[PDB]
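Results of the structural survey
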Amino acid sequence: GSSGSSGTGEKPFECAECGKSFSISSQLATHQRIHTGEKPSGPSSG
Ligand SMILES: [Zn+2]
């Protein structure tokens, strides 16, 4: 018996920094900005 059905409106463009979301990329980009600035690792992802 494994029960557990729920939903909080998911999306393809989710933010794993604060907990936000968007519909298109442009929207997500303009956001990530507030996140882009620190120095987590040496070089950049790509
Ligand atoms: Zn965010």
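Cut-offs applied
Residues numbered from 1 in each chain as written, not as in the entry; some residues may be left out. Heavy atoms only, no water. Helix = DSSP H or I, 4+ residues; strand = E, 2+ residues; numbered from the N terminus. Buried < 20%, exposed > 50% of the residue type's maximum accessible area, 1.4 Å probe, protein only. Donors = N, O, S within 2.8 Å, 3.2 Å for Na, K, Ca; no water. Tetrahedral: all angles 85-135°; square planar, octahedral: opposite > 155°, others 65-115°. Polar contact = N/O pair within 3.5 Å; in protein donor to acceptor, adjacent residues only side chain to side chain. Contact = heavy atoms within 4.5 Å.

In the PDB header, solution NMR is given as the technique by which the entry was determined.

**Focus: the overall build of the protein chain**
Check the secondary structure of the protein chain and you find one helix and two strands. Put simply, the protein chain runs from its N terminus to its C terminus through helices and strands in the order β-β-α. Taking the principal axes of its C-alpha atoms as reference, the protein chain extends roughly 45 × 25 × 20 Å. The buried share among the 46 residues of the protein chain stands at 11%.

**Quick notes on the coordination of the zinc ion**
Only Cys 15 (SG), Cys 18 (SG), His 31 (NE2) and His 35 (NE2) from the protein coordinate the zinc ion, and they sit 2.1 to 2.3 Å from it. For the zinc ion, the four donor atoms in the first shell make angles of 99 to 117° at the metal, so the coordination geometry reads as tetrahedral. Here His 35 falls in the buried class, since its relative accessible area comes to 16%.

**Thoughts on the side chain of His 31**
Along the chain, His 31 turns up in helix α1 (residues 25-35). Within the structure, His 31 has its side chain in polar contact with the side chain of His 35 (distance 3.2 Å). Sequence-distant contacts of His 31, that is, excluding residues within four places in its chain, are made with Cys 15, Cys 18, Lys 20 and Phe 22.

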